[PDB]
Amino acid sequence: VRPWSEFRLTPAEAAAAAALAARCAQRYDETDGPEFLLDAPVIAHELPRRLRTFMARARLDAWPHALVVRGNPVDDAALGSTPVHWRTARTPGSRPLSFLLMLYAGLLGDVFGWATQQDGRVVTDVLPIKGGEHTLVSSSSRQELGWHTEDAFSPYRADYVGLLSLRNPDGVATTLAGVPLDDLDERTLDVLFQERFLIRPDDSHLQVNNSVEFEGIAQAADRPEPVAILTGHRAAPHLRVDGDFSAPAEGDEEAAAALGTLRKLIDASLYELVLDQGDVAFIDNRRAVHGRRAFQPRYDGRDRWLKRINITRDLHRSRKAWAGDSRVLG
């Protein structure tokens, strides 16, 4: 009925998962400490069985753009005010929910972070930062966050991007789109499968958006190597594109026409997913691009606030980029 797969916890199931995360928050010092990173995938085997069944099956389905879990309770009074910056965003009220996200993520794969993004944290924060309303990063607000493959520039980008909505009082929509296969002619499709496109790293990997891996980002922005936008099966391709940071190879007008066509087709097929408070989404970063609608920030303590995590099916595929730590890349 919809392009994502959806699961709704019963009150009993939701309370059991919450109790499990609360227990972890009492026994472990931090969510992305080495001890909990190793233990979380096994603790997650204790989550409610109906949820584990959904995650195991839905990950193997061929069609969904995202796996959506609704119905986690969040008490605004216990959670407290939305932080003013991500640096101070590991508040006690949000702590059990950060553990909950880690437990759900462990059913899907291996979590990791980036040395060049929010100080190498694995669980990151999405919130509006005053003065950054018209930027191209996820702390924007008044300017729409254009659609993108997460970390498109990198061969080590996530297979799944997890988002947990801590609060979203004005119902701001996440945007999604898949490959517009019904409108791509064969010739245009052929071009998108060839290595004729440049993809640069987005602004969230810049030094200015953080408090030696930055040299790799500079090389990627300065001298990008040509890559394909589409890979895999022609009838169900995987997608790698960033609307704001993608370009054709220099002088390649055939590739430019193909990228220009794809831009218009994705713009025309973008749809909206609203993550209400307590909703979790795992976006398939190979099948879909995602973004976020423009909204007016409040800055009154009740702004939209998400926790975010990157998930790969195999951490060993990124060995070359382990930044002195398997769980932080760069």
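Residue numbers run from 1 along the displayed sequence.
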Notebook entry, point to check: Are any deposited residues left out of the model between residue 211 and residue 212, and how many (none, 1 to 3, 4 to 9, 10 or more)?
Noted result: 4 to 9
Margin query: Which is higher on mean Cα B factor in this entry, 214 to 222 or 95 to 103?
Written below: 214 to 222
Check: Which has the higher mean CA temperature factor in the PDB entry, 246 to 254 or 70 to 78?
Finding: 246 to 254
Margin query: For the CA B factor values reported in this entry, which option in 175, 135, 149, 165 has the top one?
Written below: 135
Note to self: Maximum C-alpha temperature factor per the entry, among 300, 32, 284, 279, belongs to which one?
What the structure shows: 32
Checklist line | Record-listed C-alpha B factor of residue 317: chain third | finding: highest
Check: Is the Cα B-factor recorded for residue 125 in the lowest, middle or highest third of its chain?
Finding: lowest
Check: Lowest, middle or highest third of the chain for the C-alpha temperature factor of residue 110?
Finding: lowest
Item checked: Cα B factor band for residue 186 (lowest, middle or highest third within the chain) -> middle
Check: What third of its chain, lowest, middle or highest, does the C-alpha temperature factor of residue 27 fall into?
Finding: highest
